[PDB]
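Take a look at the structure set out below.
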Amino acid sequence: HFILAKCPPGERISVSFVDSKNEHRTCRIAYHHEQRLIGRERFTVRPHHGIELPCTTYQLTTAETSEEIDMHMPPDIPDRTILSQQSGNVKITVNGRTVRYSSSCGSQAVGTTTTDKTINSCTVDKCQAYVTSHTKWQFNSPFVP
Amino acid sequence: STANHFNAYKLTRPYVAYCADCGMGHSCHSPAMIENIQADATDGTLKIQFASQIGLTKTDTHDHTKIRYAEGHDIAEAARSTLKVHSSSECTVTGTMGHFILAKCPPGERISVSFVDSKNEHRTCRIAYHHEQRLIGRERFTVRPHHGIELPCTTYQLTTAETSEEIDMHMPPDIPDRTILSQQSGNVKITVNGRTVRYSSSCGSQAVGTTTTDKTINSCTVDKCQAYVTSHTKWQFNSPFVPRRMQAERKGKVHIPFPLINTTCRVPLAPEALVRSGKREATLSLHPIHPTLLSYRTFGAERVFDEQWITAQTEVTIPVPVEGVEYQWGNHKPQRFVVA
Amino acid sequence: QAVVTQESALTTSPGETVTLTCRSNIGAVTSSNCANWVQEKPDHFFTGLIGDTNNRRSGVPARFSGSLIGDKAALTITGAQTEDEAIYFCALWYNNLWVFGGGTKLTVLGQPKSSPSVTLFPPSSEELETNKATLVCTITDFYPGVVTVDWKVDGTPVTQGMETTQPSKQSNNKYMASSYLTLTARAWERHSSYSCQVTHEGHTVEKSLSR
Amino acid sequence: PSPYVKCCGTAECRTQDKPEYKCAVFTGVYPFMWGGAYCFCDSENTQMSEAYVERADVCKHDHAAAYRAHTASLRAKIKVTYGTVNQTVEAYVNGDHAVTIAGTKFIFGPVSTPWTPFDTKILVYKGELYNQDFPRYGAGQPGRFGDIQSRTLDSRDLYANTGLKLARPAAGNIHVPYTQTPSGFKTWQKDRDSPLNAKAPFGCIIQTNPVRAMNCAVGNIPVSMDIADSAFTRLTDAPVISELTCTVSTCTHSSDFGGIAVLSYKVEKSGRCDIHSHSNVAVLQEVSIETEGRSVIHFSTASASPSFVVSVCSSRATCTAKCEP
Amino acid sequence: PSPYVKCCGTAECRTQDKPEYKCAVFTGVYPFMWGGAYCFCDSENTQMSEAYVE
Amino acid sequence: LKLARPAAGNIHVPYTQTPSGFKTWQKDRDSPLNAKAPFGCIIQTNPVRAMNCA
Amino acid sequence: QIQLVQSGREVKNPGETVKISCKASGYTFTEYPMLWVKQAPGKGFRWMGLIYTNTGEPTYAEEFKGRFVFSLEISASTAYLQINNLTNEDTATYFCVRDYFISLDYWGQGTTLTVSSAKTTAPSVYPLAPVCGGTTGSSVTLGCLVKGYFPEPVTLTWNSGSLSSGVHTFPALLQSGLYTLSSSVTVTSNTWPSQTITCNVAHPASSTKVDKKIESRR
């Protein structure tokens, strides 16, 4: 779930993906990438070979196991936009997220299935198409309910 | 204009621009001129005035794909993806409608508009603008993300327009030149072409007469003739390259896209402080955040109101008298303590 | 979001059914969408003859039922009885409204022809003593909608103030109206009696009140 | 605007209506441009160049106000507990406004306060206060702070010494360059000084929807309470207190509560007990006092040698103690 | 961690186990994201925020 | 690490934290004692020893 | 579902809001939420919006936006599909509906309003019986002739309010901003016009209503 790479110097790094990414769907966080290199010198230039110092190098190969970030337990995080209904005519279909089946009255509160159903005797905004997962799970859910 | 933006587009045809900043030393009549920038923003979207119909189709369609523009012939347009803004790097494209285009650029010395379909890998220009984001708040970083604080910031309007401020879509122009004609050495030959054609010979009908088509003049010396191209039925505003010796001073209507409204800003709140209270004096140790101002101001008839660039891990002894002080260091309500 | 334009009469006969499909512009009328096709009535008719895109909706008979029919919310009016005339709204759903358009002319046949009688009152002096003298003939019990109720104000054609009663657009095939040949009191004395020549259902008879 | 080419020929330059309407007939212009001959002869072609000083469109976005200040007057909300009455009276506290209390007449004022945030001229800019020297109305230096003449916020004229400077421009390219002033409104705000909203003399809190200084810790409020004895509890039904002996439980040097005051008193009947002690060195913790006995009270006193002449139930005592550090 | 969603439900505050444990439930949450209904009423909202410095 | 009652809609885990003192002991660390070794010591620490103690 | 009673024939001046009223009772007024009708006859299925408001989502439509605004005291399904900024083009049915059976399954009675920024005379009900010739034979259709009524409603009814169904009642036609019609209750030869078959000619736009026995010619 991580991408490793060398970036230019700075205090704010953006990260983007455009391969199906939303016009290159990107974010931008702050990250004080300042080159605190060893020795008196202050540049990224190996070529006149005089420098032989220790360096804390990032590993360039893939891992075997070093320490586990924990991904599991596919939850949701609060929304309002799961299912469809005109207040006693509810349509619940297959979905891209694990959508709980909620209504304003009756047994519609939950149920993370992608199963088609009509719903009466409930709420027009009261359809709680919930978030969940099955065979999924984020790391810690930082924004992430 | 803003809603039927094809109305304001179809009123006045686009123009070319004699920009001197045009590609590392050369500058001529490119389509990559910039008429002016719009800086009404705490948020700071540069509202560049584009020479082309950026946000209008070359057939006058509302074509968000068709980043229209002007050659010598009217439709010098490409796709809208060819538009690029480079201030100190590729800034964020914000919005485009016709001659107006706003966007969020980074820090930079000159904002550079670039059209790249015929302008060979972004034929463009870099006008000199100090793109420095004067951030509000006691702190000074460009950080939206954590819930730090809401601030009232006057932001640029980011929606479609109807009309707020009339660009003078008028001035059927003129311009300089030397090259509008042709002629085989005694046959002065004019064609239908992209200049509103006046003739200027040593004498003749290519010295006075219409120019929108082919005309041959027998017995014409080549040093005599000259084709002139003016503008008509629309124009750019005051012709910043645009030598507008058109005799009819007259204006039209254009709308600037998205005039500014009172928006907000996600203000970054810093770490708070460490108090150490002495004999009538106080020492607030500040750990550092992204750099801000901290202002110590006394409580009473004038106490030592001083500011300080809070820009490192340090400590300041705000001397808290019996009248007291106010310790404003960051994004809090700056209420200091009294002697105790 | 489509204005439901469809078959202009999605209606059937007396004992006959019309299965049209009124285009709500995206496709069929739905059930989570709530788009339909059915004969609702006029007069600000909150009642779906056919909604919910697989049968009759709430508030109508189910036989004029909604479908996902053709390229529209389908008005399959099977069971066109004697009261089957209405706005057969064939429109499409969006999950918030079964959006119909101008209505298919929903028909179930029945109510055969039996024309109205123009039952008269003369231009009487209760208003005609103030000069409001309208020979008022209730042209009532019409079948079908053809009653030429013209002025016969004591033989002479009352054509200044004459206003004829019409039939009502009901489902049962009945009508009734009031037509006043509206002269003054001097017009009520000038013309002889408040009389309407009513040509109802083919029959043309002059029905008058005692002026 | 577009410069009037006269090719050849001196194009005339009549006066415009612009606030800085400078037109110059820069003759001898050799127009060589991209798209069709603005010159076809050798000499006498030139550009009449005209520019005009005009206002910004962001004045409706943001103005800058140089208000000469008249007098101001205090307006206050005093929470008043008048016995069992509790109400916060918010009235113009300059002494003129008879504040109608619940059965009372507050007269807060006329207060002697010249300590105010009033300068001679206040520049207000986006909420930013500044006691800053406004110039004469239409006499600015070019690049002086406040160059635009703004007589009205929708006004009709504009004084401005930030003048453009035309020239015989660069040949060929249509450049009618204009040596304008540097923007004083770009300077007097951007790189403006420490704002007068900060640096509150007297320790006040300035704020300008209207420019006024809330919470201004200055002076004492002169208050006249027209309040009769026909709102207060009568003497014939009050508990007759007797044996008033106060205690000194503990003495804080500068705490809010300050003192433990255990006032012993035998009462004829029940009632509310007044605390209104006749000591400037003391402060009663409340005016509440309960049914008698040993009423503990936070005997607030900033004086280190406390001796408070407490008034309790129409009787008095003199508590003594030493405070803390 | 991922917070306790209470939409509705005034949930408790369990004991965090780490040394950097700060646990709490800011009541009155109103989560309305693009990810599925956790809040289905205006009342009973609560954000279970627990953190462990390690 | 002091938690903060977060904003609505998004799951803002409001957690106001301390600074980086482990960053502080190195960056903004003082002139280290290998420089300013009096006696001209050779302060090296595989084991901490002043080889060439003069 | 939503048992909706609709509002009356509204009379609306220019620029105001005309709430097509709704008694949307018998079920949940959120269970039959605010499904607005703004239906003209040329519109057919006319835009006013849809809402099953059991969770609370009532919306004005494209026709219920701009000119429309959906409001209600919807606890008994009390509703007002308001013609907001309703000009002289405010004549339309602000109609009831409820979201249940996902289109307007529970539906209303409709509130047809005549919007007009102009005046209106009050409808005078004159006693117009059948004449002395006939007029008590097989029957008599006598009543209150309602002349010149504006705004809504200006009509005629029979039997003093009781026996007029089957009687000749004409709807009020436009003349000078007035409605011209009558209401003659039709009874037998002993009833019309001998017995109590009273016509009420009522123009509530001027608030006049004459309820007199629609009697014989003599």
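Simple scheme: letters A, B, ... for chains in structure tokens order, numbers from 1 for residues in each chain, numbers from 1 for ligands in the order shown.
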* To do: May I have the residues within 8 Å of segment 82-91 of chain B as a VMD selection string, using only C-alpha atoms and disregarding those fewer than 6 positions away in the same chain?
  => chain B and resid 67 103 to 117 122 126 131
Per residue of chain A within 12 Å of chain C, note the shortest atom pair and the distance in Å to one decimal, counting only C-alpha atoms, and order the rows by chain and increasing residue number, as a Markdown table.
| residue | atom | partner | partner_atom | distance |
| --- | --- | --- | --- | --- |
| A:83 | CA | C:32 | CA | 9.2 |
| A:84 | CA | C:95 | CA | 6.1 |
| A:85 | CA | C:32 | CA | 5.2 |
| A:86 | CA | C:96 | CA | 5.4 |
| A:87 | CA | C:96 | CA | 8.6 |
| A:88 | CA | C:32 | CA | 9.0 |
| A:89 | CA | C:32 | CA | 5.4 |
| A:90 | CA | C:32 | CA | 4.9 |
| A:91 | CA | C:32 | CA | 4.2 |
| A:92 | CA | C:32 | CA | 7.9 |
| A:93 | CA | C:32 | CA | 9.8 |
| A:116 | CA | C:32 | CA | 10.3 |
| A:117 | CA | C:32 | CA | 9.2 |
| A:118 | CA | C:32 | CA | 7.1 |
| A:119 | CA | C:32 | CA | 8.6 |
| A:120 | CA | C:32 | CA | 10.3 |
| A:124 | CA | C:96 | CA | 8.9 |
| A:125 | CA | C:96 | CA | 10.6 |
| A:127 | CA | C:32 | CA | 11.9 |
Convert the current residue selection to file output with N, CA and C atoms, as a compact mmCIF listing (two decimals), in the first residue's frame.
# COMPACT_ATOMS: atom_id res chain seq x y z
N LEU A 83 -28.66 3.85 -1.24
CA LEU A 83 -29.67 3.14 -2.01
C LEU A 83 -30.57 4.14 -2.71
N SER A 84 -31.67 3.63 -3.28
CA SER A 84 -32.64 4.49 -3.95
C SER A 84 -34.03 4.19 -3.41
N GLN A 85 -34.90 5.20 -3.37
CA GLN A 85 -36.28 4.95 -3.00
C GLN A 85 -37.14 6.20 -3.10
N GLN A 86 -38.40 6.01 -3.47
CA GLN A 86 -39.45 7.01 -3.28
C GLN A 86 -40.33 6.55 -2.11
N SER A 87 -39.75 6.53 -0.90
CA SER A 87 -40.43 6.66 0.40
C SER A 87 -41.33 5.48 0.78
N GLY A 88 -41.74 4.63 -0.14
CA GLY A 88 -42.27 3.31 0.03
C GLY A 88 -41.95 2.48 -1.19
N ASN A 89 -41.15 3.02 -2.11
CA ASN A 89 -40.70 2.26 -3.25
C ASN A 89 -39.18 2.31 -3.31
N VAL A 90 -38.56 1.34 -2.64
CA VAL A 90 -37.12 1.36 -2.48
C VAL A 90 -36.49 0.33 -3.40
N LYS A 91 -35.46 0.76 -4.13
CA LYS A 91 -34.63 -0.11 -4.94
C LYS A 91 -33.25 -0.19 -4.28
N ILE A 92 -32.82 -1.42 -4.02
CA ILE A 92 -31.47 -1.71 -3.56
C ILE A 92 -30.88 -2.73 -4.53
N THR A 93 -29.77 -2.37 -5.16
CA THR A 93 -29.13 -3.19 -6.17
C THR A 93 -27.75 -3.65 -5.71
N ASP A 116 -30.82 -7.28 -4.90
CA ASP A 116 -31.89 -6.39 -5.34
C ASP A 116 -33.12 -6.61 -4.48
N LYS A 117 -33.73 -5.51 -4.05
CA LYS A 117 -34.91 -5.59 -3.21
C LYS A 117 -35.70 -4.29 -3.32
N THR A 118 -37.01 -4.43 -3.20
CA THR A 118 -37.93 -3.31 -3.09
C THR A 118 -38.28 -3.14 -1.62
N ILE A 119 -38.39 -1.89 -1.20
CA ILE A 119 -38.53 -1.56 0.22
C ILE A 119 -39.73 -0.64 0.36
N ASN A 120 -40.69 -1.04 1.18
CA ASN A 120 -41.79 -0.15 1.52
C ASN A 120 -41.83 0.06 3.03
N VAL A 124 -37.81 8.01 3.16
CA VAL A 124 -37.40 8.41 1.81
C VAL A 124 -35.94 8.83 1.80
N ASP A 125 -35.51 9.56 2.83
CA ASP A 125 -34.09 9.70 3.08
C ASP A 125 -33.62 8.68 4.10
N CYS A 127 -33.38 5.48 3.99
CA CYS A 127 -32.59 4.37 3.48
C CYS A 127 -31.13 4.56 3.85
* Asked: Within 7 Å of residue 121 of chain G, counting only C-alpha atoms, which residues qualify if same-chain residues fewer than 2 places away don't, as a ChimeraX atom specification?
  -> /G:123,148-150,177-178,206
Would you save the residues from that selection as a compact mmCIF listing (two decimals), in the first residue's frame, using C-alpha atoms?
# COMPACT_ATOMS: atom_id res chain seq x y z
CA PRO G 123 -70.44 37.18 -7.75
CA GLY G 148 -69.53 38.55 -12.19
CA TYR G 149 -67.33 36.62 -9.73
CA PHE G 150 -63.58 37.16 -9.39
CA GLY G 177 -62.58 39.75 -14.77
CA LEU G 178 -65.84 38.15 -13.57
CA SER G 206 -65.93 39.47 -3.31
* Nearest residue to residue 42 of chain B from the set D:22, D:79, D:126, D:97 (distances using only C-alpha atoms) -> D:126
* To do: Excluding residue 210 of chain B and residues on its chain fewer than 2 positions from it, collect all residues at most 8 Å away from it, counting only C-alpha atoms, and give them as an MDAnalysis selection string.
  => chainID B and resid 197:199 208 212
Do me a favour and pick out the residues of chain B within 12 Å of chain A, using only C-alpha atoms, as a short mmCIF file (atom, residue, chain, number, x, y, z; two decimals) with N, CA and C atoms, in the first residue's frame.
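Once written, selection02.cif looks like this:
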data_model
loop_
_atom_site.label_atom_id
_atom_site.label_comp_id
_atom_site.auth_asym_id
_atom_site.auth_seq_id
_atom_site.Cartn_x
_atom_site.Cartn_y
_atom_site.Cartn_z
N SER B 81 -6.85 20.77 -23.58
CA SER B 81 -5.73 20.17 -22.87
C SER B 81 -4.39 20.77 -23.26
N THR B 92 -2.17 25.05 -11.06
CA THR B 92 -3.47 24.41 -11.18
C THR B 92 -4.35 25.21 -12.13
N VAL B 93 -4.86 24.53 -13.16
CA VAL B 93 -5.82 25.18 -14.04
C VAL B 93 -7.15 25.30 -13.30
N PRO B 106 1.67 28.32 -8.68
CA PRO B 106 2.56 28.25 -7.52
C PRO B 106 3.30 29.56 -7.34
N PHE B 141 1.34 29.01 6.77
CA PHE B 141 1.61 27.87 5.90
C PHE B 141 0.42 27.62 4.99
N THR B 142 0.65 26.85 3.92
CA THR B 142 -0.38 26.56 2.92
C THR B 142 -1.02 25.20 3.20
N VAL B 143 -1.52 25.03 4.42
CA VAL B 143 -2.03 23.75 4.91
C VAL B 143 -3.53 23.75 5.19
N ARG B 144 -4.30 23.17 4.29
CA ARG B 144 -5.73 23.02 4.53
C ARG B 144 -6.05 21.92 5.55
N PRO B 145 -5.26 20.83 5.58
CA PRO B 145 -5.83 19.49 5.79
C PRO B 145 -6.40 19.16 7.16
N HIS B 146 -5.69 19.43 8.25
CA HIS B 146 -6.23 19.15 9.57
C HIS B 146 -7.21 20.25 9.90
N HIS B 147 -8.09 19.98 10.86
CA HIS B 147 -9.11 20.95 11.22
C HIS B 147 -8.45 22.00 12.10
N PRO B 268 -4.03 27.02 9.55
CA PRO B 268 -3.30 26.04 10.34
C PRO B 268 -3.01 26.55 11.73
N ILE B 289 6.39 25.57 14.36
CA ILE B 289 5.50 25.05 13.33
C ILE B 289 6.05 25.66 12.05
N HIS B 290 5.33 25.50 10.94
CA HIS B 290 5.57 26.29 9.73
C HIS B 290 5.43 27.77 10.09
N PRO B 291 6.29 28.65 9.54
CA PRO B 291 6.61 29.93 10.19
C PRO B 291 5.49 30.96 10.28
#
* Asked: Taking only C-alpha atoms into account, what are the residues of chain G at most 8 Å from chain A, put as a ChimeraX atom specification?
  -> /G:30-33,51-57,99-103
* Interatomic distance, atom CA of residue 328 of chain B to atom CA of residue 119 of chain D (Å, one decimal) ->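 Between atom CA of residue 328 of chain B and atom CA of residue 119 of chain D the gap is 24.1 Å.
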List every residue of chain F that has an atom at most 9 Å from any atom of chain E, and for each one report the closest atom pair and its distance in Å to one decimal, counting only C-alpha atoms, with rows sorted by chain and then by increasing residue number, as a tab-separated table.
residue	atom	partner	partner_atom	distance
F:1	CA	E:22	CA	7.7
F:2	CA	E:22	CA	7.5
F:3	CA	E:22	CA	7.2
F:4	CA	E:26	CA	8.3
F:5	CA	E:26	CA	5.4
F:6	CA	E:26	CA	7.6
F:7	CA	E:29	CA	8.0
F:8	CA	E:30	CA	5.1
F:9	CA	E:31	CA	4.0
F:10	CA	E:31	CA	6.0
F:11	CA	E:31	CA	6.8
F:13	CA	E:49	CA	6.7
F:14	CA	E:49	CA	8.2
F:15	CA	E:51	CA	8.4
* Determine which residues of chain C receive a DSSP assignment of helix (DSSP H, G or I), computed from the backbone, and state them as a list in words. =>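 Selection result, helix (DSSP H, G or I) within chain C: residues 125, 126, 127, 128, 185, 186, 187, 188, 189 and 190 of chain C.
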